Amino acid sequence: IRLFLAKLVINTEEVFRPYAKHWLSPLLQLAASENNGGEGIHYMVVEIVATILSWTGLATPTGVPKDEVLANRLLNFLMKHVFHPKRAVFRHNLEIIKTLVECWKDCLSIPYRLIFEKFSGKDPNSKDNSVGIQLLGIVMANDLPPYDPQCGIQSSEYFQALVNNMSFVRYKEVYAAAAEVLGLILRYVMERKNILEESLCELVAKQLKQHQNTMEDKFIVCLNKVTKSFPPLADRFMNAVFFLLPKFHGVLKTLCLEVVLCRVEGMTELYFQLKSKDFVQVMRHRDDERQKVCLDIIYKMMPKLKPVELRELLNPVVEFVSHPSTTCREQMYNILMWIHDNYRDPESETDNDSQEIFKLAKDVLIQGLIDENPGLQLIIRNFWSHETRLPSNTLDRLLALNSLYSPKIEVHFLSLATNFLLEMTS
């Protein structure tokens with residue numbers, strides 16, 4: 001009769017919301033009773049938790065400690081039974097747990113050592129710790145660091161079991177997500193100050209050093225995963241990836257370009273290393289995103305390079321006005337924006353190269369007005385109609401407008417002329 005009384009108030013919640021503050025306690029007391037049938041009558045149970053967080057903002061389960069320990073029992077059973085070997089609903093289960101732990105936040109009282117038993121699986125042949133590290137990602141992606149030794153166990157054994165799970169290499173997603181959540185852990189370490197993970201960084205560097213000597217392909221991708229959220233570990237393996245840049249011909253090469261994209265601001269000169277590793281050979285490749293990220297690192301290394309190699313650098317990048325994926329051409333226009341904005345050379349003339357780069361900058365930036373995509377050319381129009389590039393008294397503008405002639409574009413030049421004329425109409 002309690003089950004039958006459940007699936008009427010489950011259907012009539014629209015009646016209840018003006019006086020719903022009292023109809024949370026009995027539903028919670030129903031939820032915490034282990035007489036449901038099986039492992040909690042999941043479908044009914046998720047309907048219970050959905051309708052009980054329907055009235056969020058009023059009558060939180062904290063304020064009466066009976067309600068607090070009741071919700072703690074719910075949280076414990078949810079963290080206990082989650083697995084469900086059909087994979088299609090596992091993500092839904094983690095979604096329910098994630099919503100509960102992100103909405104409650106008041107009776108925190110979170111459990112440990114069962115998480116530790118979840119990821120504490122030995123025998124690196126089976127994925128029996130995927131659940132523990134994924135719920136670690138659930139508990140970690142918002143808040144809640146592993147504050148172990150208040151009632152738990154020692155954190156040293158905790159974290160070394162965790163990096164052993166990161167050392168577990170038989171299946172893929174286990175070490176991938178483990179390295180990711182370690183990166184989030186280290187991000188919380190660098191955000192805080194009191195945490196003495198200042199040997200855990202040495203421990204994980206030791207683990208990647210021990211995996212480095214015998215394995216190479218998994219090493220760079222777990223380095224990519226830990227540098228997804230953790231920059232300053234790349235001071236260690238900076239010369240290792242610079243050494244074995246080749247023989248990684250694939251997406252691994254993009255991973256190398258990403259991890260060198262992590263640290264550019266804070267290297268010495270960086271150019272001759274890449275030039276010895278024939279970086280300009282692979283800048284002329286055909287995959288989009290490696291070209292995007294190497295244009296990104298060219299923008300990164302830009303305002304420190306000498307103007308002598310910049311002339312050689314500006315040769316293959318002008319070959320990128322004939323390709324789709326407007327973000328890559330957008331950054332390709334951005335580097336020309338900066339090089340014109342600060343390398344116009346107002347009567348310096350240290351070379352023909354130092355003004356020749358400004359000449360080619362003017363050439364490709366003016367030619368970039370007839371591209372077959374809107375928006376970007378609107379931004380170019382805003383950049384040229386920006387103040388103190390074409391003056392704006394009235395006719396200083398007119399005696400200026402002929403100078404941006406560029407006979408590669410003349411088909412639309414008169415339309416652009418009246419556009420830049422009567423854009424300042426009043």
# chains A, B, ... in the order shown; residues from 1 in each chain; ligands from 1
call {"tool": "residues_around", "arguments": {"residues": "range 88-104 of chain A", "least_positions_apart": "5", "cutoff": "12 Å", "atoms": "only C-alpha atoms", "output": "short mmCIF file (atom, residue, chain, number, x, y, z; two decimals) with N, CA and C atoms, in the first residue's frame"}}
result
data_model
loop_
_atom_site.label_atom_id
_atom_site.label_comp_id
_atom_site.auth_asym_id
_atom_site.auth_seq_id
_atom_site.Cartn_x
_atom_site.Cartn_y
_atom_site.Cartn_z
N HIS A 42 15.03 0.82 -8.79
CA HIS A 42 15.73 1.84 -9.62
C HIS A 42 14.78 2.80 -10.35
N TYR A 43 13.94 2.29 -11.23
CA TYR A 43 13.11 3.18 -12.05
C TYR A 43 12.20 4.02 -11.18
N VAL A 45 12.83 4.49 -8.10
CA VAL A 45 13.74 5.25 -7.25
C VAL A 45 14.25 6.50 -7.96
N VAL A 46 14.54 6.41 -9.27
CA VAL A 46 15.00 7.61 -9.96
C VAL A 46 13.83 8.56 -10.19
N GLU A 47 12.61 8.03 -10.30
CA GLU A 47 11.45 8.91 -10.34
C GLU A 47 11.25 9.62 -9.01
N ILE A 48 11.53 8.91 -7.90
CA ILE A 48 11.51 9.52 -6.57
C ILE A 48 12.51 10.65 -6.47
N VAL A 49 13.75 10.41 -6.89
CA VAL A 49 14.76 11.45 -6.70
C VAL A 49 14.55 12.61 -7.67
N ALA A 50 13.98 12.34 -8.86
CA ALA A 50 13.68 13.41 -9.81
C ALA A 50 12.55 14.28 -9.29
N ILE A 52 11.69 14.57 -6.17
CA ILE A 52 12.05 15.20 -4.91
C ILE A 52 13.08 16.31 -5.11
N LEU A 53 13.78 16.32 -6.24
CA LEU A 53 14.54 17.50 -6.62
C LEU A 53 13.80 18.37 -7.61
N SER A 54 12.55 18.03 -7.92
CA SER A 54 11.71 18.97 -8.65
C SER A 54 11.45 20.23 -7.84
N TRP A 55 11.21 20.08 -6.54
CA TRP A 55 10.98 21.23 -5.67
C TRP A 55 12.28 21.65 -4.99
N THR A 56 13.28 21.95 -5.81
CA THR A 56 14.56 22.42 -5.31
C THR A 56 14.46 23.90 -4.98
N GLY A 57 15.14 24.31 -3.92
CA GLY A 57 15.08 25.66 -3.41
C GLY A 57 14.24 25.80 -2.16
N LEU A 58 13.35 24.85 -1.91
CA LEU A 58 12.55 24.81 -0.70
C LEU A 58 12.69 23.44 -0.07
N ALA A 59 12.80 23.42 1.26
CA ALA A 59 12.85 22.21 2.10
C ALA A 59 14.02 21.30 1.70
N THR A 60 15.22 21.83 1.91
CA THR A 60 16.43 21.06 1.70
C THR A 60 16.53 19.94 2.75
N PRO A 61 17.19 18.83 2.42
CA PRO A 61 17.34 17.74 3.40
C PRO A 61 18.31 18.00 4.54
N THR A 62 18.77 19.23 4.75
CA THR A 62 19.65 19.58 5.86
C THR A 62 18.94 20.62 6.72
N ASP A 67 16.96 13.82 8.63
CA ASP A 67 16.94 13.96 7.18
C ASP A 67 18.35 13.88 6.61
N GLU A 68 19.32 14.42 7.35
CA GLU A 68 20.71 14.40 6.93
C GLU A 68 21.26 12.98 6.86
N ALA A 71 19.53 11.03 3.97
CA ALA A 71 20.14 11.32 2.68
C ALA A 71 21.54 10.75 2.57
N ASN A 72 22.26 10.67 3.69
CA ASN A 72 23.56 10.01 3.69
C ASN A 72 23.44 8.53 3.41
N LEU A 74 21.02 7.22 1.60
CA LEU A 74 20.74 7.18 0.16
C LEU A 74 22.01 7.32 -0.67
N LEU A 75 22.85 8.29 -0.31
CA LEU A 75 24.10 8.54 -1.02
C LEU A 75 25.03 7.35 -0.94
N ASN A 76 25.05 6.68 0.22
CA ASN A 76 25.88 5.51 0.41
C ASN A 76 25.40 4.35 -0.46
N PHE A 77 24.08 4.12 -0.50
CA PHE A 77 23.59 3.02 -1.33
C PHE A 77 23.77 3.30 -2.81
N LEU A 78 23.65 4.57 -3.21
CA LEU A 78 23.86 4.94 -4.60
C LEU A 78 25.31 4.75 -5.01
N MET A 79 26.25 5.20 -4.16
CA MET A 79 27.66 4.96 -4.42
C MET A 79 28.02 3.48 -4.32
N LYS A 80 27.24 2.70 -3.58
CA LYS A 80 27.53 1.28 -3.46
C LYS A 80 27.13 0.51 -4.71
N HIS A 81 25.89 0.67 -5.17
CA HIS A 81 25.40 -0.09 -6.31
C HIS A 81 25.19 0.86 -7.48
N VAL A 82 26.10 0.81 -8.45
CA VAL A 82 26.08 1.76 -9.56
C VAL A 82 26.30 1.06 -10.91
N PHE A 83 26.90 -0.13 -10.89
CA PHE A 83 27.64 -0.64 -12.05
C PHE A 83 26.81 -0.94 -13.29
N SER A 109 28.91 15.20 4.31
CA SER A 109 29.14 13.94 5.02
C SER A 109 29.53 12.75 4.14
N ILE A 110 30.39 13.00 3.16
CA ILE A 110 30.61 12.07 2.05
C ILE A 110 31.38 10.86 2.54
N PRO A 111 31.18 9.68 1.96
CA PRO A 111 31.91 8.50 2.42
C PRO A 111 33.20 8.28 1.66
N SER A 130 37.46 1.25 -13.20
CA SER A 130 36.88 2.31 -14.02
C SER A 130 35.78 3.03 -13.27
N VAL A 131 35.00 2.28 -12.49
CA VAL A 131 33.89 2.84 -11.75
C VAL A 131 34.39 3.79 -10.68
N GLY A 132 35.42 3.38 -9.94
CA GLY A 132 35.94 4.21 -8.87
C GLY A 132 36.56 5.50 -9.37
N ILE A 133 37.29 5.43 -10.48
CA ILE A 133 37.88 6.65 -11.00
C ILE A 133 36.84 7.53 -11.68
N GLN A 134 35.77 6.95 -12.22
CA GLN A 134 34.74 7.78 -12.83
C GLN A 134 33.92 8.49 -11.76
N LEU A 135 33.63 7.80 -10.65
CA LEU A 135 32.96 8.49 -9.55
C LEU A 135 33.90 9.44 -8.84
N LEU A 136 35.21 9.20 -8.92
CA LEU A 136 36.17 10.20 -8.49
C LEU A 136 36.07 11.44 -9.36
N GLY A 137 35.90 11.26 -10.67
CA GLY A 137 35.69 12.40 -11.54
C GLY A 137 34.38 13.12 -11.27
N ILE A 138 33.35 12.36 -10.87
CA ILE A 138 32.09 12.96 -10.46
C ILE A 138 32.27 13.78 -9.19
N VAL A 139 32.92 13.21 -8.18
CA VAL A 139 33.07 13.90 -6.91
C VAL A 139 34.10 15.02 -7.02
N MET A 140 34.97 14.99 -8.03
CA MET A 140 36.07 15.93 -8.10
C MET A 140 35.82 17.06 -9.08
N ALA A 141 34.97 16.85 -10.09
CA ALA A 141 34.78 17.80 -11.18
C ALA A 141 34.11 19.10 -10.73
N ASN A 142 33.51 19.11 -9.55
CA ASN A 142 32.89 20.30 -8.98
C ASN A 142 33.62 20.83 -7.76
N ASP A 143 33.90 19.95 -6.80
CA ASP A 143 34.44 20.34 -5.50
C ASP A 143 35.08 19.09 -4.90
N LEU A 144 35.16 19.03 -3.57
CA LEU A 144 35.32 17.81 -2.78
C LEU A 144 36.62 17.06 -3.03
#
call {"tool": "residues_around", "arguments": {"residues": "residue 170 in chain A", "least_positions_apart": "4", "cutoff": "8 Å", "atoms": "only C-alpha atoms", "output": "ChimeraX atom specification"}}
result
/A:124-126
call {"tool": "write_last_selection", "arguments": {"atoms": "C-alpha atoms", "output": "JSON list (two decimals), in the first residue's frame"}}
result
[["chain", "number", "residue", "atom", "x", "y", "z"],
["A", 124, "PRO", "CA", 46.09, -5.11, -14.43],
["A", 125, "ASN", "CA", 43.99, -7.17, -16.86],
["A", 126, "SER", "CA", 40.40, -6.12, -16.05]]
call {"tool": "residues_around", "arguments": {"residues": "residue 184 in chain A", "least_positions_apart": "2", "cutoff": "9 Å", "atoms": "only C-alpha atoms", "output": "number ranges by chain"}}
result
A: 137, 140-141, 179-182, 186-189, 226, 229-230
call {"tool": "residues_around", "arguments": {"residues": "range 376-385 of chain A", "least_positions_apart": "4", "cutoff": "12 Å", "atoms": "only C-alpha atoms", "output": "PyMOL selection string"}}
result
chain A and resi 325-334+336-338+340-341+362+364-372+389-392+397+400-401+404+416-417+419-424
call {"tool": "atom_distance", "arguments": {"atom1": "CA of residue 149 in chain A", "atom2": "CA of residue 113 in chain A"}}
result
10.6 Å
call {"tool": "decode", "arguments": {"residues": "range 156-203 of chain A", "atoms": "C-alpha atoms", "output": "compact mmCIF listing (two decimals), in the first residue's frame"}}
result
# COMPACT_ATOMS: atom_id res chain seq x y z
CA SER A 156 50.15 8.36 0.99
CA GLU A 157 48.85 4.82 0.45
CA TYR A 158 45.74 6.33 -1.19
CA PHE A 159 47.66 8.34 -3.77
CA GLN A 160 50.23 5.63 -4.48
CA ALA A 161 47.39 3.19 -5.15
CA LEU A 162 45.98 5.85 -7.48
CA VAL A 163 49.23 6.25 -9.41
CA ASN A 164 49.50 2.44 -9.53
CA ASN A 165 46.11 2.50 -11.24
CA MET A 166 47.56 5.08 -13.60
CA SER A 167 50.44 2.67 -14.17
CA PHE A 168 47.85 -0.02 -15.00
CA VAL A 169 48.17 -0.39 -18.76
CA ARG A 170 46.05 -3.11 -20.27
CA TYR A 171 42.87 -1.23 -21.22
CA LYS A 172 42.74 2.37 -22.32
CA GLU A 173 40.08 4.46 -20.60
CA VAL A 174 41.31 3.41 -17.15
CA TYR A 175 44.69 5.11 -17.41
CA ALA A 176 43.27 7.91 -19.58
CA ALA A 177 40.62 9.01 -17.07
CA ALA A 178 43.01 8.27 -14.19
CA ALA A 179 45.59 10.65 -15.64
CA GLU A 180 42.82 13.20 -16.23
CA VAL A 181 41.55 13.09 -12.67
CA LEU A 182 45.15 13.22 -11.41
CA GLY A 183 45.51 16.38 -13.46
CA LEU A 184 42.40 17.78 -11.79
CA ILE A 185 43.83 16.77 -8.41
CA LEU A 186 47.08 18.59 -9.19
CA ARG A 187 45.07 21.57 -10.42
CA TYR A 188 43.42 21.69 -7.01
CA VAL A 189 46.89 21.37 -5.44
CA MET A 190 48.17 24.36 -7.40
CA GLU A 191 44.98 26.26 -6.57
CA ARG A 192 45.43 25.57 -2.86
CA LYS A 193 48.63 25.94 -0.84
CA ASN A 194 48.44 23.76 2.30
CA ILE A 195 48.31 20.41 0.47
CA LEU A 196 51.62 18.54 0.56
CA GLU A 197 51.28 16.84 -2.79
CA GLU A 198 54.81 18.23 -3.31
CA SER A 199 55.98 14.65 -3.19
CA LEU A 200 53.02 13.36 -5.22
CA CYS A 201 54.24 15.44 -8.17
CA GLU A 202 57.59 13.70 -7.80
CA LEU A 203 55.76 10.37 -7.53
